[PDB]
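Before any comments, here is the structure.
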Amino acid sequence: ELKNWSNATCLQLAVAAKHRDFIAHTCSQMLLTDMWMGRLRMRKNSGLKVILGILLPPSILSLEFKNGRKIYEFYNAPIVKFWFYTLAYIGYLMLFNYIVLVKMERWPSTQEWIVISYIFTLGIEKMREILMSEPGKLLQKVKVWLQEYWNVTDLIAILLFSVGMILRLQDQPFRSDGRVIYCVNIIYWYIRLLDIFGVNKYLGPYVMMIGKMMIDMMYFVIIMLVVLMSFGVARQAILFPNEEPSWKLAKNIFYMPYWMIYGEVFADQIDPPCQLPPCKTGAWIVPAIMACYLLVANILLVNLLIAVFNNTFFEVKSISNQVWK
Amino acid sequence: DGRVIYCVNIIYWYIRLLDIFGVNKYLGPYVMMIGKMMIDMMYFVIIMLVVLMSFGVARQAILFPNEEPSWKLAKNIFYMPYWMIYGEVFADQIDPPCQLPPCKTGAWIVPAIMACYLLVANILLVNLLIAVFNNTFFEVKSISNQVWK
Ligand SMILES: CCCCCCCC(=O)OC[C@H](COP(=O)(O)O[C@@H]1[C@H](O)[C@H](O)[C@@H](OP(=O)(O)O)[C@H](OP(=O)(O)O)[C@H]1O)OC(=O)CCCCCCC
Ligand SMILES: COCC(CCO[C@H]1CC[C@@]2(C)C(=CC[C@H]3[C@@H]4C[C@@H]5O[C@]6(CC[C@@H](C)CO6)[C@@H](C)[C@@H]5[C@@]4(C)CC[C@@H]32)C1)COC
Ligand SMILES: COCC(CCO[C@H]1CC[C@@]2(C)C(=CC[C@H]3[C@@H]4C[C@@H]5O[C@]6(CC[C@@H](C)CO6)[C@@H](C)[C@@H]5[C@@]4(C)CC[C@@H]32)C1)COC
């Protein structure tokens with residue numbers, strides 16, 4: 001503790017300054033690992049012993065500790081809290097899969113009630129986290145808690161699932177709509193496992209690299225979108241010239257050109273052999289347009305995107321390593 | 001069952017030929033590179049498994065809302081989404097054209113999920129895997145050459 005500097009250790013001063021090169025030093029990492037290990041003395045092979053201890057309380061006594069009171073010492077380490085939370089989340093995910101896979105009855109099953117309890121208590125904990133924030137302004141605590149993206153997506157998912165639950169406890173059609181809302185919602189909870197993955201040394205950097213390659217890829221999404229839209233409009237306006245205006249036109253533009261570049265290159269679905277059906281005027285340009293579009297979208301743009309990912313990997317790798325540390 | 005165990009054995013004995021192959025100068029290093037590249041690949045296999053499971057659960061729970069609890073459910077989650085990203089993207093088996101069948105509630109979301117799932121699994125993760133294999137090749141090659149010698 002530093003008396004002159006208002007009871008702040010060097011680590012807190014370094015963190016407040018956003019000094020990445022200081023925290024990422026070897027000594028700071030060793031100190032953080034020692035603090036994370038708590039009061040235990042398992043170094044060579046940990047984690048599995050933590051799982052064995054949390055599953056079997058008698059296994060706690062056969063551990064080496066640092067200088068009755070052993071159980072409270074073990075259970076309050078950060079690592080065992082993390083593993084307890086991870087096991088709880090795995091159980092919640094299993095129950096959320098089970099409730100949506102099988103048929104849903106009029107009133108919720110007990111597993112569904114467990115899922116509702118999990119969501120409600122997690123919302124309560126988030127509310128507690130908001131309420132006990134450091135700044136003294138009740139409006140600035142919300143804006144200082146909405147600084148990450150995970151705690152924003154959690155709020156959105158909690159609100160959406162609450163809306164779906166309220167819609168569920170109704171008659172049959174609104175119950176089906178609530179089921180569809182649950183089906184959409186489960187995707188986010190499955191994706192959220194990357195936050196749990198982020199503890200592992202070799203997975204966090206990969207997640208950060210993915211997060212940056214998303215914005216690296218967002219442009220070659222747009223260019224391929226333009227090419228695909230052009231081809232789709234051309235094929236739709238060549239093959240079918242006698243269609244009344246309907247919203248089905250907006251589906252044929254994006255459907256077939258998108259499914260064509262992913263292996264469903266069908267010469268019978270498009271370019272029909274027109275006993276034999278009558279041939280449309282100017283319909284012999286569809287194979288040529290398709291050939292050019294496939295050549296551009298599968299040999300040029302994807303290879304250029306591969307090159308872009310390849311040549312900017314060292315910088316992103318180093319930055320992600322520093323940020324995770 | 002005897003011949004099935006024989007099939008498992010012949011799988012292993014066919015794989016065992018690489019130890020004989022590791023005599024030639026240009027084949028031992030490639031095998032010892034394959035081992036470390038598999039060690040690298042396992043992580044992206046895990047991530048793709050998570051994404052695949054998410055899409056499979058969403059599809060199964062959207063399209064069929066009146067199924068019974070059976071072990072066939074654990075197959076439909078993994079089977080079709082895994083075979084989809086390997087060149088079988090048949091848009092007829094997925095999203096049936098709901099004379100015409102009555103549409104399921106929210107049966108239009110499935111192609112919207114499919115677009116994002118294919119975009120992630122064929123344009124992002126595999127390209128990042130290629131980049132990982134590319135930027136960590138020289139040191140692996142040198143170490144493999146030394147260990148073979
Ligand atoms: C779904 C998982 C999401 C949570 C992810 C959980 C985070 C995660 O993936 O790692 C935790 C644990 C291994 O990590 P853990 O910290 O326990 O132990 C590390 C490991 O022994 C390394 O080999 C050590 O050296 P290095 O690093 O090689 O140099 C390292 O010491 P250090 O030399 O570094 O000081 C040790 O810290 O693995 C499991 O999940 C076991 C349960 C199996 C899974 C059980 C379920 C199948
Ligand atoms: C053919 O007739 C069968 C019948 C017995 C039926 O028993 C059922 C018991 C529930 C059970 C085991 C069954 C089918 C889906 C099973 C789900 C698959 C899910 O997968 C997992 C997959 C991976 C997890 C990550 C997510 O959930 C489970 C939560 C989930 C899971 C294992 C819950 C358990 C379900 C079978 C015969 O007896 C008379
Ligand atoms: C089933 O019967 C339908 C009928 C109502 C029909 O209303 C029509 C109004 C015009 C509208 C919305 C319709 C079909 C093609 C639609 C085009 C698709 C084009 O796509 C876009 C695609 C993307 C844009 C970038 C380019 O253009 C539009 C210029 C274009 C677009 C959105 C213009 C709008 C057109 C439906 C029901 O009423 C009784």
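We label chains A, B, ... in the order they appear in the structure tokens, count residues from 1 in each chain, and number ligands from 1 in the order shown.
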
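Selection of all polymer residues within 6 Å of ligand 1 on the basis of only C-alpha atoms and all ligand atoms gives residues 45, 46, 47, 48, 196, 197, 199 and 200 of chain A.
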
Inset, instruction - Using only C-alpha atoms and all ligand atoms, find each protein or nucleic acid residue lying at most 8 Å from ligand 2; present the set as a ChimeraX atom specification. - result: /A:90,93-98,101-102 /B:53,69-74

Suppose we keep N, CA, C and O atoms; can you now write the selection as a compact mmCIF listing (two decimals), in the first residue's frame?
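What follows is the written file out22.txt:
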```
# COMPACT_ATOMS: atom_id res chain seq x y z
N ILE A 90 -22.74 -24.34 -18.08
CA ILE A 90 -22.88 -25.55 -18.89
C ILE A 90 -24.20 -26.24 -18.59
O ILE A 90 -24.92 -26.67 -19.51
N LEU A 93 -26.98 -24.21 -20.21
CA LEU A 93 -27.02 -24.44 -21.65
C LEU A 93 -27.65 -25.78 -21.98
O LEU A 93 -28.42 -25.89 -22.94
N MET A 94 -27.33 -26.82 -21.20
CA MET A 94 -27.95 -28.12 -21.43
C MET A 94 -29.46 -28.04 -21.26
O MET A 94 -30.21 -28.57 -22.09
N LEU A 95 -29.92 -27.37 -20.21
CA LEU A 95 -31.37 -27.27 -20.00
C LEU A 95 -32.03 -26.41 -21.07
O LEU A 95 -33.17 -26.70 -21.47
N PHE A 96 -31.36 -25.37 -21.54
CA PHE A 96 -31.93 -24.54 -22.60
C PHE A 96 -32.02 -25.31 -23.91
O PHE A 96 -32.96 -25.10 -24.68
N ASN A 97 -31.05 -26.17 -24.20
CA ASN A 97 -31.18 -27.03 -25.37
C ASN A 97 -32.33 -28.01 -25.20
O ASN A 97 -33.13 -28.21 -26.13
N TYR A 98 -32.45 -28.62 -24.02
CA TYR A 98 -33.48 -29.63 -23.80
C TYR A 98 -34.88 -29.05 -23.91
O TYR A 98 -35.78 -29.70 -24.45
N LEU A 101 -35.64 -28.41 -27.72
CA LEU A 101 -35.64 -29.55 -28.64
C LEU A 101 -36.96 -30.32 -28.57
O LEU A 101 -37.56 -30.62 -29.61
N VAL A 102 -37.42 -30.64 -27.36
CA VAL A 102 -38.62 -31.46 -27.18
C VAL A 102 -39.88 -30.61 -27.28
O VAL A 102 -39.80 -29.38 -27.30
N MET B 53 -22.93 -26.48 -33.60
CA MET B 53 -23.94 -26.91 -32.64
C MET B 53 -25.02 -25.85 -32.47
O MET B 53 -26.21 -26.18 -32.39
N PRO B 69 -39.12 -36.72 -27.64
CA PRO B 69 -37.73 -36.89 -27.18
C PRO B 69 -37.17 -38.25 -27.54
O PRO B 69 -37.61 -39.28 -27.01
N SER B 70 -36.19 -38.28 -28.43
CA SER B 70 -35.57 -39.52 -28.86
C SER B 70 -34.12 -39.24 -29.23
O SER B 70 -33.72 -38.09 -29.41
N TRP B 71 -33.34 -40.32 -29.34
CA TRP B 71 -31.93 -40.18 -29.68
C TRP B 71 -31.70 -39.74 -31.12
O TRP B 71 -30.57 -39.42 -31.47
N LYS B 72 -32.75 -39.72 -31.95
CA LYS B 72 -32.60 -39.20 -33.30
C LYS B 72 -32.42 -37.69 -33.31
O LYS B 72 -31.93 -37.14 -34.31
N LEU B 73 -32.78 -37.00 -32.23
CA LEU B 73 -32.58 -35.56 -32.17
C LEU B 73 -31.10 -35.21 -32.09
O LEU B 73 -30.67 -34.21 -32.68
N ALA B 74 -30.31 -36.01 -31.37
CA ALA B 74 -28.88 -35.74 -31.26
C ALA B 74 -28.13 -35.99 -32.56
O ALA B 74 -26.96 -35.60 -32.65
```

Inset, instruction - Set the cut-off to 8 Å, count only C-alpha atoms and all ligand atoms, and list whatever residues fall near ligand 3 as a PyMOL selection string. - result: chain A and resi 229+244-250+253

What would the file look like if the residues just selected were written as a JSON list (two decimals), in the first residue's frame with C-alpha atoms?
```json
[["chain", "number", "residue", "atom", "x", "y", "z"],
["A", 229, "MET", "CA", -26.90, -8.49, -56.85],
["A", 244, "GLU", "CA", -46.51, -9.09, -61.74],
["A", 245, "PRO", "CA", -44.82, -6.94, -59.06],
["A", 246, "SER", "CA", -44.57, -9.02, -55.90],
["A", 247, "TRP", "CA", -42.25, -9.46, -52.94],
["A", 248, "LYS", "CA", -41.15, -12.82, -54.34],
["A", 249, "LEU", "CA", -38.90, -10.88, -56.74],
["A", 250, "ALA", "CA", -36.77, -9.68, -53.81],
["A", 253, "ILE", "CA", -32.41, -11.92, -56.50]]
```

Inset, instruction - Could you tell me how far CA of residue 278 in chain A lies from CA of residue 258 in chain A, in Å and to one decimal? - result: 27.4 Å

Inset, instruction - Find the residues in chain A near chain B: any atom within 7 Å counts, using only C-alpha atoms. Write them as a VMD selection string. - result: chain A and resid 100 to 103 176 to 177 180 183 to 184 187 190 262 to 264 306 309 to 310

Legend entry - Residue contacts of range 69-83 of chain A (8 Å, only C-alpha atoms) excluding same-chain residues fewer than 6 positions away, as a ChimeraX atom specification: /A:36-40,50-51,54,60-61

Go ahead and save the residues from that selection, with N, CA, C and O atoms, as an mmCIF file, in the first residue's frame.
```
data_model
loop_
_atom_site.group_PDB
_atom_site.id
_atom_site.type_symbol
_atom_site.label_atom_id
_atom_site.label_comp_id
_atom_site.auth_asym_id
_atom_site.auth_seq_id
_atom_site.Cartn_x
_atom_site.Cartn_y
_atom_site.Cartn_z
ATOM 1 N N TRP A 36 -4.483 -15.149 -8.718
ATOM 2 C CA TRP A 36 -5.563 -15.960 -9.265
ATOM 3 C C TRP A 36 -5.600 -17.344 -8.637
ATOM 4 O O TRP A 36 -6.683 -17.908 -8.447
ATOM 5 N N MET A 37 -4.435 -17.903 -8.302
ATOM 6 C CA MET A 37 -4.395 -19.220 -7.677
ATOM 7 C C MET A 37 -4.946 -19.188 -6.258
ATOM 8 O O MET A 37 -5.244 -20.241 -5.685
ATOM 9 N N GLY A 38 -5.093 -18.006 -5.678
ATOM 10 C CA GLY A 38 -5.689 -17.880 -4.358
ATOM 11 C C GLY A 38 -4.718 -18.300 -3.277
ATOM 12 O O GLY A 38 -3.559 -17.892 -3.286
ATOM 13 N N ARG A 39 -5.195 -19.122 -2.344
ATOM 14 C CA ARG A 39 -4.385 -19.604 -1.235
ATOM 15 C C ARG A 39 -3.968 -21.060 -1.415
ATOM 16 O O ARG A 39 -3.506 -21.693 -0.461
ATOM 17 N N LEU A 40 -4.120 -21.596 -2.619
ATOM 18 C CA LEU A 40 -3.786 -22.978 -2.924
ATOM 19 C C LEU A 40 -2.329 -23.077 -3.360
ATOM 20 O O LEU A 40 -1.638 -22.074 -3.541
ATOM 21 N N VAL A 50 -9.195 -28.913 -9.395
ATOM 22 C CA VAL A 50 -10.245 -27.995 -8.966
ATOM 23 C C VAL A 50 -11.621 -28.581 -9.262
ATOM 24 O O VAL A 50 -12.538 -28.493 -8.436
ATOM 25 N N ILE A 51 -11.788 -29.181 -10.443
ATOM 26 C CA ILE A 51 -13.053 -29.826 -10.787
ATOM 27 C C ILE A 51 -13.335 -30.988 -9.842
ATOM 28 O O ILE A 51 -14.462 -31.159 -9.358
ATOM 29 N N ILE A 54 -14.412 -29.473 -6.432
ATOM 30 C CA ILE A 54 -15.748 -28.880 -6.391
ATOM 31 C C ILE A 54 -16.819 -29.957 -6.522
ATOM 32 O O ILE A 54 -17.878 -29.866 -5.888
ATOM 33 N N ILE A 60 -11.139 -31.938 -0.911
ATOM 34 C CA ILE A 60 -10.519 -30.658 -0.585
ATOM 35 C C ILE A 60 -9.384 -30.844 0.416
ATOM 36 O O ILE A 60 -8.344 -30.179 0.325
ATOM 37 N N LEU A 61 -9.555 -31.756 1.376
ATOM 38 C CA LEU A 61 -8.570 -31.927 2.439
ATOM 39 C C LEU A 61 -7.226 -32.436 1.932
ATOM 40 O O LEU A 61 -6.203 -32.182 2.577
#
```

Inset, instruction - Pick out each residue of range 48-105 of chain B that DSSP on the backbone tags as alpha helix (DSSP H); I need them as a ChimeraX atom specification. - result: /B:48-63,73-76,79-84

Legend entry - Exercise: residue 154 in chain A partners within 10 Å, only C-alpha atoms, chain neighbours under 5 positions left out, as a ChimeraX atom specification: /A:122-123,126,149,159-160,188-189,192
